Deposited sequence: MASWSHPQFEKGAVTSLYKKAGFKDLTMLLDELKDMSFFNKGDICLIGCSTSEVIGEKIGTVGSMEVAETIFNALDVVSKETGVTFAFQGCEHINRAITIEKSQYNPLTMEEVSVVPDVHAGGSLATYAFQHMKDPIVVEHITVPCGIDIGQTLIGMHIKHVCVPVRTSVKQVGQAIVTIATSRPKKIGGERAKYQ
């Protein structure tokens, strides 16, 4: 099911250099979409969190976890990734029914978690159509993958690239 699909998706992304040292990658997830209760949903969250952590150690990318709309899509990150110049800490503690399973799991298992109101990151992974485009550095570009689902959840992968500028005579090489 979801574990096999996720493992394959992550290996594919690694192989296409989607995960870059020092980048933050935003995760949008709905564990219920993966399956199609809080015990079960937290087990899925655990598996996803742990798989992402392996990728983090292999590639040097770090992950940020989007909460659900009840907490205004506020984002859980490690304090070591907090930049006060670009981010604003907010007070809330993600819960299964107010944040969602993965953000809740991430908060509980981080060394020093904090929640920020907004974030801009160069890439992200959306599992189950929660939407993540508000978080991706302009210009947001979808990434085609061979693995299109994690369990029963549609997956969307986004990267980013600079705006192209200039008129008819402009060159790009």
In deposited-sequence numbering, the unmodelled segments run 1-20, 57-59
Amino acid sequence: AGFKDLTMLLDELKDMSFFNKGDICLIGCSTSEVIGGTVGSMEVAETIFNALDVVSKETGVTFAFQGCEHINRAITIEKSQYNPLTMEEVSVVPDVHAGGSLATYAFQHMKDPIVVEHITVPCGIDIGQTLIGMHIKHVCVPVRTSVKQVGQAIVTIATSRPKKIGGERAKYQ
From here on, numbers count along this sequence of modelled residues.
Taking the deposited Cα B-factors and averaging over 15-23 and over 149-157, the higher mean is found in 15-23
Of 108-116 vs 66-74, the stretch with the larger average CA B-factor in the entry is 108-116
The largest CA temperature factor among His138, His135, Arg144, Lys57 is found at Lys57
Temperature factor at the Cα of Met87, chain-ranked in thirds, falls in the middle
Temperature factor at the Cα of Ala170, chain-ranked in thirds, falls in the middle
Among the modelled residues of its chain, the C-alpha B-factor of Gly37 falls in the third labelled highest
Here the Cα B-factor of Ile127, set against its chain, lands in the third termed middle
